[PDB]
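Asks: Shown below is the structure under consideration.
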Amino acid sequence: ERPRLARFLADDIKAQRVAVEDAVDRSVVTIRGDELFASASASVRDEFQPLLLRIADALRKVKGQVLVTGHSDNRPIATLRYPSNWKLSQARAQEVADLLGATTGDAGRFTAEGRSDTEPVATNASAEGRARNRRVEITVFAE
């Protein structure tokens with residue numbers, strides 16, 4: 001009934017690569033951007049794809065709809081491809097959704113939204129706080 005993912009992500013939780021909230025109606029996997037993407041990029045580094053693969057494996061077992069929200073800090077590293085923190089946050093969420101959709105083969109199950117710096121979980125006044133704000137939150141709803 002209740003979507004529960006922590007049980008499938010023990011190693012990543014212990015290594016502090018992800019955090020998982022198993023809530024009443026959702027499981028939310030928070031992943032710092034640094035665990036997936038190079039600085040200022042929305043491509044999941046080859047070396048870190050296995051982390052998303054473990055999430056895909058878990059999502060095969062808990063067949064709820066999935067929302068991916070992307071978040072930035074308030075200190076943009078603007079580039080040609082991502083001219084704002086908003087665009088980077090959207091692109092990061094969308095890349096995660098796209099990769100998970102392709103691996104599960106569930107078309108329409110994953111959607112994405114970029115939320116830029118509007119939903120911090122930490123201060124932006126330290127480097128470590130900014131690194132916590134740059135993140136995706138992957139929400140799986142009840143099956």
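Chain lettering (A, B, ...) mirrors the order of the structure tokens, residue numbering begins at 1 for each chain separately, and ligand numbering begins at 1 in order of display.
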DSSP on the backbone: what in region 59-116 of chain A comes out helix (DSSP H, G or I), as a ChimeraX atom specification?

Replies: /A:59-61,85-104

Asks: Go ahead and write the selection's residues with N, CA, C and O atoms as a short mmCIF file (atom, residue, chain, number, x, y, z; two decimals), in the first residue's frame.

Replies:
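Ended up saving to again-v8.cif:
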data_model
loop_
_atom_site.label_atom_id
_atom_site.label_comp_id
_atom_site.auth_asym_id
_atom_site.auth_seq_id
_atom_site.Cartn_x
_atom_site.Cartn_y
_atom_site.Cartn_z
N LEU A 59 12.16 1.38 -8.32
CA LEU A 59 10.90 1.84 -8.92
C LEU A 59 10.19 0.75 -9.72
O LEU A 59 8.99 0.85 -9.94
N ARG A 60 10.91 -0.29 -10.11
CA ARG A 60 10.29 -1.48 -10.71
C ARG A 60 9.43 -2.25 -9.71
O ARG A 60 8.50 -2.96 -10.09
N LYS A 61 9.77 -2.11 -8.43
CA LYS A 61 9.11 -2.81 -7.34
C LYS A 61 7.93 -2.03 -6.73
O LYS A 61 7.06 -2.62 -6.11
N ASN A 85 19.97 29.55 -13.33
CA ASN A 85 19.76 28.48 -12.38
C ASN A 85 18.40 27.81 -12.61
O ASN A 85 18.27 26.61 -12.42
N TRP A 86 17.39 28.58 -13.02
CA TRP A 86 16.10 27.98 -13.35
C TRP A 86 16.25 26.93 -14.44
O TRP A 86 15.81 25.79 -14.28
N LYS A 87 16.93 27.30 -15.52
CA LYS A 87 17.04 26.37 -16.63
C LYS A 87 17.85 25.15 -16.25
O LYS A 87 17.49 24.03 -16.61
N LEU A 88 18.92 25.35 -15.49
CA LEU A 88 19.69 24.20 -15.02
C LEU A 88 18.83 23.26 -14.15
O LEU A 88 18.89 22.03 -14.30
N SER A 89 18.01 23.85 -13.27
CA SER A 89 17.19 23.04 -12.37
C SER A 89 16.15 22.24 -13.17
O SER A 89 15.87 21.08 -12.86
N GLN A 90 15.59 22.85 -14.21
CA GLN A 90 14.63 22.16 -15.06
C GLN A 90 15.30 21.03 -15.83
O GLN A 90 14.77 19.92 -15.93
N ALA A 91 16.46 21.33 -16.39
CA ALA A 91 17.17 20.37 -17.22
C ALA A 91 17.64 19.16 -16.40
O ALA A 91 17.59 18.02 -16.87
N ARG A 92 18.07 19.42 -15.17
CA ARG A 92 18.49 18.35 -14.28
C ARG A 92 17.33 17.43 -13.93
O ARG A 92 17.45 16.21 -14.00
N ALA A 93 16.18 18.01 -13.58
CA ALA A 93 15.00 17.21 -13.29
C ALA A 93 14.57 16.41 -14.52
O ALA A 93 14.24 15.23 -14.43
N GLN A 94 14.56 17.07 -15.66
CA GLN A 94 14.10 16.41 -16.87
C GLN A 94 15.04 15.26 -17.28
O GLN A 94 14.58 14.22 -17.75
N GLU A 95 16.35 15.46 -17.12
CA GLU A 95 17.28 14.40 -17.48
C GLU A 95 17.08 13.16 -16.59
O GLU A 95 17.07 12.01 -17.07
N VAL A 96 16.87 13.39 -15.30
CA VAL A 96 16.59 12.29 -14.39
C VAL A 96 15.30 11.57 -14.79
O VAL A 96 15.25 10.35 -14.89
N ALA A 97 14.24 12.34 -15.04
CA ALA A 97 12.98 11.74 -15.48
C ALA A 97 13.15 10.94 -16.77
O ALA A 97 12.62 9.83 -16.91
N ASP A 98 13.90 11.51 -17.72
CA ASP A 98 14.09 10.86 -19.02
C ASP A 98 14.85 9.54 -18.86
O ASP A 98 14.48 8.52 -19.44
N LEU A 99 15.91 9.56 -18.06
CA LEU A 99 16.73 8.37 -17.87
C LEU A 99 15.94 7.27 -17.16
O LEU A 99 16.01 6.08 -17.53
N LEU A 100 15.19 7.66 -16.13
CA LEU A 100 14.39 6.68 -15.39
C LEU A 100 13.27 6.11 -16.26
O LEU A 100 13.01 4.91 -16.22
N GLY A 101 12.62 6.97 -17.03
CA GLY A 101 11.59 6.52 -17.98
C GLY A 101 12.13 5.53 -19.00
O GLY A 101 11.49 4.53 -19.31
N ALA A 102 13.32 5.81 -19.53
CA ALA A 102 13.90 4.93 -20.55
C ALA A 102 14.29 3.57 -19.98
O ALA A 102 14.11 2.54 -20.63
N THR A 103 14.80 3.56 -18.75
CA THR A 103 15.24 2.33 -18.11
C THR A 103 14.07 1.47 -17.63
O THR A 103 14.07 0.26 -17.82
N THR A 104 13.06 2.09 -17.03
CA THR A 104 11.86 1.34 -16.63
C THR A 104 11.00 0.94 -17.83
O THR A 104 10.25 -0.04 -17.75
#

Asks: Check the DSSP output for the backbone and give back, as a ChimeraX atom specification, the residues of region 8-89 of chain A in strand (DSSP E or B).

Replies: /A:19-22,26-32,37,44,66-71

Asks: When you count only C-alpha atoms, which of these residues is closest to residue 76 (chain A): A:40, A:121, A:31, A:127?

Replies: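 Distance minimum relative to residue 76 (chain A) lands on A:40.
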
Asks: Please provide the set of residues having any atom within 8 Å of residue 65 (chain A), restricted to only C-alpha atoms, with same-chain residues fewer than 6 positions apart removed, written as a list in words.

Replies: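 Counting only C-alpha atoms, the residues come to residues 109, 110, 140, 141, 142 and 143 of chain A.
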
Asks: Determine the nearest neighbour of residue 130 (chain A) from the options A:11, A:46, A:21, A:117, counting only C-alpha atoms.

Replies: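 So, comparing all the options, the nearest one is A:117.
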
Asks: A:32, A:26, A:75, A:2: which is nearest residue 135 (chain A), counting only C-alpha atoms?

Replies: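 Among the listed residues, the smallest separation from residue 135 (chain A) belongs to A:32.
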
Asks: Pick the closest to residue 123 (chain A) from A:111, A:81, A:67, A:74: which is it, counting only C-alpha atoms?

Replies: A:74

Asks: Enter the distance from CA of residue 19 (chain A) to CA of residue 136 (chain A), in Å, rounded to one decimal.

Replies: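 Computing it gives 11.0 Å between the two atoms.
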
Asks: Taking only C-alpha atoms into account, name the residue in A:28, A:125, A:9, A:23 that is nearest to residue 54 (chain A).

Replies: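 Of the candidates, the smallest distance to residue 54 (chain A) is held by A:9.
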
Asks: Calculated over only C-alpha atoms, which of the candidates A:12, A:82, A:7, A:24 has the smallest distance to residue 53 (chain A)?

Replies: A:12

Asks: Please compute the CA of residue 137 (chain A)-CA of residue 84 (chain A) distance, one decimal, in Å.

Replies: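 Here the two named atoms are 19.5 Å from each other.
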